[PDB]
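Going from the sequence shown to the authors' numbering is simple: count from 1 and add 1.
This report concerns only the one structure given below.
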Amino acid sequence: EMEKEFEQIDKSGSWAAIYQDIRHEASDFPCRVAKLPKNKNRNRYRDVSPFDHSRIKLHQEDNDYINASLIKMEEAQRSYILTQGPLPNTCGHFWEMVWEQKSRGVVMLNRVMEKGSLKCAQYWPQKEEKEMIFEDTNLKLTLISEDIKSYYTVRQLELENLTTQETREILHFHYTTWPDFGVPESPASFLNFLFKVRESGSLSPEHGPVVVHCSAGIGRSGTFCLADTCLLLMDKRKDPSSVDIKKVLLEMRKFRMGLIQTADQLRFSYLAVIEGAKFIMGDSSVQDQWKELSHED
Ligand SMILES: CNC(=O)[C@@H]1Cc2ccc(NS(=O)(=O)O)cc2CN1C(=O)CCc1cccc(C(=O)O)c1
Ligand SMILES: [Cl-]
Ligand SMILES: [Cl-]
Ligand SMILES: [Cl-]
Ligand SMILES: [Cl-]
Ligand SMILES: [Mg+2]
Numbered sequence: 002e003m004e005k006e007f008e009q010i011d012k013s014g015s016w017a018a019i020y021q022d023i024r025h026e027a028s029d030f031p032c033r034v035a036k037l038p039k040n041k042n043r044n045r046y047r048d049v050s051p052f053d054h055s056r057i058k059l060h061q062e063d064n065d066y067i068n069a070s071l072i073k074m075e076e077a078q079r080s081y082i083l084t085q086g087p088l089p090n091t092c093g094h095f096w097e098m099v100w101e102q103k104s105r106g107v108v109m110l111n112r113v114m115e116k117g118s119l120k121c122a123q124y125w126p127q128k129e130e131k132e133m134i135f136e137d138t139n140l141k142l143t144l145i146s147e148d149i150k151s152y153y154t155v156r157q158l159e160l161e162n163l164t165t166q167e168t169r170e171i172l173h174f175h176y177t178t179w180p181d182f183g184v185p186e187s188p189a190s191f192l193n194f195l196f197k198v199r200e201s202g203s204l205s206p207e208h209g210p211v212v213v214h215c216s217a218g219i220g221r222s223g224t225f226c227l228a229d230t231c232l233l234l235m236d237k238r239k240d241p242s243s244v245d246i247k248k249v250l251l252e253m254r255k256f257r258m259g260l261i262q263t264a265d266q267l268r269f270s271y272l273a274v275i276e277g278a279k280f281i282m283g284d285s286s287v288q289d290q291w292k293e294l295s296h297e298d
């Protein structure tokens with residue numbers, strides 16, 4: 002049971018060992034498409050690639066490759082697309098994927114500039130009056146509005162398929178204070194943000210999978226998805242004791258490599274799930290408390 006395990010790992014100081022056993026046990030599947038010469042400039046990092054079996058294929062129209070994976074959680078009945086931060090030449094591909102996969106929400110857990118370097122392209126418009134046209138994939142993207150909080154921003158975007166003139170509203174949930182290879186400020190800050198994504202309807206099974214990304218699309222993105230899936234599993238069953246967090250992470254790692262990149266991110270995931278369980282099991286009042294503790298205003 003997660004809280005008993007947490008306390009035992011903490012008391013024995015064994016987060017590093019627990020985390021390394023996950024790394025050891027994790028699936029290794031081929032990434033031959035990602036490694037084709039023609040795809041080199043579509044990958045941000047040499048050592049982060051989608052497995053062939055779970056990669057998202059683009060439907061246009063000479064190279065179907067994007068560095069993105071479908072994390073299909075069968076038991077939880079929820080799917081996520083995890084992807085790297087788009088590159089200057091892959092922003093059209095990114096929005097093509099969003100369109101084709103019928104995603105309603107994009108969750109971004111990094112900043113464009115981190116530690117002096119460009120870790121993600123500026124792939125969405127910052128001003129209403131300066132829309133973006135992706136000529137390669139025939140899409141237009143307009144900023145409709147934004148709600149700027151202290152450590153996250155929610156944007157309403159309009160994505161238009163220029164070939165058909167169909168438009169869709171996309172919600173962008175941007176966590177602006179989650180350091181690379183780091184953790185959120187508190188369980189409260191994290192959960193307040195997760196619940197904002199959930200409240201939007203973006204995770205509904207009536208939509209395509211939410212797109213979640215950071216820079217590599219594995220460390221921060223993996224932490225987010227693990228917490229969400231574990232909370233969903235216990236919610237479906239109304240049984241916190243039924244959820245085996247390490248098993249869930251190993252299952253997710255069947256679909257994309259390297260999910261959760263530090264031992265402290267794993268530790269944080271446990272803290273987030275244990276805290277979120279209070280809400281799932283009927284203490285409604287905790288949600289307001291998280292909002293207060295997150296100092297979002
Ligand atoms: C310190 N690592 C790096 O800077 C690069 C590039 C990079 C950048 C930023 C990262 N953080 S993220 O995913 O944006 O939150 C993660 C990584 C992962 N990296 C990797 O090389 C991943 C290698 C890897 C690949 C697959 C599995 C594992 C694992 O043992 O968990 C590790
Ligand atoms: Cl940014
Ligand atoms: Cl910086
Ligand atoms: Cl970039
Ligand atoms: Cl950072
Ligand atoms: Mg203005």
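A virtual CB, placed ideally from N, CA and C, is assigned to each residue, including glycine.
Using DSSP with H/G/I as helix, E/B as strand and the rest coil, what is residue i?
| i | result |
| --- | --- |
| residue 183 | coil |
| residue 79 | strand |
| residue 98 | helix |
| residue 114 | strand |
| residue 143 | strand |
| residue 209 | strand |
| residue 173 | strand |
| residue 164 | coil |
| residue 12 | helix |
| residue 230 | helix |
| residue 263 | coil |
| residue 245 | coil |
| residue 224 | helix |
| residue 148 | strand |
| residue 119 | strand |
| residue 284 | coil |
| residue 27 | coil |
| residue 43 | helix |
Here's the rule I'm using: 16 or more other beta-carbon atoms within 10 Å means buried, otherwise exposed. How should residue i be labelled?
| i | result |
| --- | --- |
| residue 238 | exposed |
| residue 109 | buried |
| residue 24 | exposed |
| residue 44 | buried |
| residue 197 | buried |
| residue 90 | exposed |
| residue 151 | exposed |
| residue 258 | buried |
| residue 31 | exposed |
| residue 46 | exposed |
| residue 277 | buried |
| residue 18 | exposed |
| residue 214 | buried |
| residue 86 | buried |
| residue 266 | buried |
| residue 57 | buried |
| residue 102 | buried |
| residue 163 | exposed |
| residue 143 | buried |
| residue 282 | exposed |
On the premise that residue j lies in contact with residue i, defined as a C-beta separation below 8 angstroms, what is that separation, rounded to the nearest angstrom?
| i | j | result |
| --- | --- | --- |
| residue 230 | residue 79 | 6 angstroms |
| residue 158 | residue 173 | 6 angstroms |
| residue 295 | residue 193 | 4 angstroms |
| residue 34 | residue 53 | 5 angstroms |
| residue 219 | residue 166 | With a Cβ gap of about 36 angstroms, residue 219 and residue 166 do not count as contacting. |
| residue 105 | residue 171 | 7 angstroms |
| residue 76 | residue 234 | 7 angstroms |
Considering only DSSP beta bridges, list what residue i is partnered with.
| i | result |
| --- | --- |
| residue 58 | 66 |
| residue 107 | 173 and 212 |
| residue 73 | 80 |
| residue 135 | 140 |
| residue 159 | 143 and 170 |
| residue 153 | 176 |
| task | Could you tell me whether the segment 99-119 touches the segment 242-259, using the rule of 3 or more Cβ pairs below 8 angstroms? | result | no
| Does the segment 163-180 come within contact of the segment 267-287, defined as at least 3 CB pairs closer than 8 angstroms? | no
| query | Any contact of the segment 246-260 with the segment 204-223, i.e. 3+ C-beta pairs under 8 angstroms? | reply | Yes: the two stretches touch, three or more of their Cβ pairs being nearer than 8 angstroms.
| query | Taking contact to mean at least 3 C-beta pairs separated by less than 8 angstroms, is the segment 82-96 in contact with the segment 200-218? | reply | As far as the Cβ criterion goes, the segment 82-96 touches the segment 200-218, which means the pair count is three or higher.
| said: Below 8 angstroms, how does it come out for the segment 38-54 and the segment 7-17: are there three or more Cβ pairs, yes or no? | reply: no
| query | Would the segment 60-78 and the segment 92-106 be scored as touching if the rule is three or more Cβ pairs under 8 angstroms? | reply | At 8 angstroms Cβ cutoff, the stretches touch.
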